[PDB]
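Taking the form deposited without the ligand, here's one chain by itself in structure tokens.
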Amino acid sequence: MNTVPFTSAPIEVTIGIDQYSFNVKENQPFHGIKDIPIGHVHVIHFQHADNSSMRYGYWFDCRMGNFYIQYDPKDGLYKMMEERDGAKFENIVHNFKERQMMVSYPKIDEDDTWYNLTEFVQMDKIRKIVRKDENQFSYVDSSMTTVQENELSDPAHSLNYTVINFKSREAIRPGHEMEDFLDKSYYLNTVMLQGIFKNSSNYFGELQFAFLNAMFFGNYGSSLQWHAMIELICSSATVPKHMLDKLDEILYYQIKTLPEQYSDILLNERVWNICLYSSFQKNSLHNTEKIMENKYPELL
């Protein structure tokens, strides 16, 4: 069970760790988060009390190094850093733990929510979507634009999600215009699964990462990517049975976790109505259709 110590908390802030969150007061003696489950990616995230604009945070995996948070009064944010001295880090953590200045990652034993949201998400895939190769952790915020949003302006600060565009030469074989537009199976299976992602696990990893960036940061481009990857599967007549079954589980946990009050901005009416009620896969998402109908019947 790993630890992310905080040097201090000089500004009042709501701190997120995965699906959990804690309010910290200005100069409250808060020195970090312990008992973080090994084996998953995690996200630590921030929203300042004095400017709720820019939710921002860090994707990390404690297997990949010793990470800590320190406030930078010049750039005005909580920064993740790596401590390369193992013994210094162990000694910082042991002291803060002894003084019980750390919150405990509050996982209920029965609760598989975080595993279910991050099942296919891998740090090495995150670091290719979020390019900053000198760090082992990845910064995301509310305002970062996607490569696709930029095409339609600082490339170093972009989310490099895989570009999906239903009206592109990539999506449409010359001579199969109607077939490929109405049945996206060749775009899903040859171009995206065989071609770019190599397998369904990498495709689902990106889908899950996009959702979590949409939910935790209100990142609009991430929400666009999440919906496009759902629509590409639901709009394909030919999808492996294991992928449809896995998609239903993925979406079920995403809809289960979404704050009830954010359904208006994070869910696209057209995509969900098309996916659940008109698409090839209208009958393949039983769990997702039942949670959507019971939790968000207005949207439908």
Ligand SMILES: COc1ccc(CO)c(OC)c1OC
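Sequential numbering from 1, following the sequence displayed.
From this point on, the text means the form deposited with the ligand bound, which you will not see here.
In the deposited complex, do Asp183, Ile230 and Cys234 all reach within 4.5 Å of the ligand through at least one heavy atom apiece?
None of them does, since no heavy atom lies within 4.5 Å of the partner.
The ligand isn't shown here, but in the deposited complex which of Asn189, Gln148, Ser158, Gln136 has a heavy atom within 4.5 Å of it?
Checking each option against the ligand in the deposited complex, the one that comes within 4.5 Å is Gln148.
Just to make sure I understand: among 210 to 235, which residues lie within 4.5 Å of the ligand in the deposited complex, judging by heavy atoms?
Sequence-ordered list: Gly221, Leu224, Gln225, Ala228.
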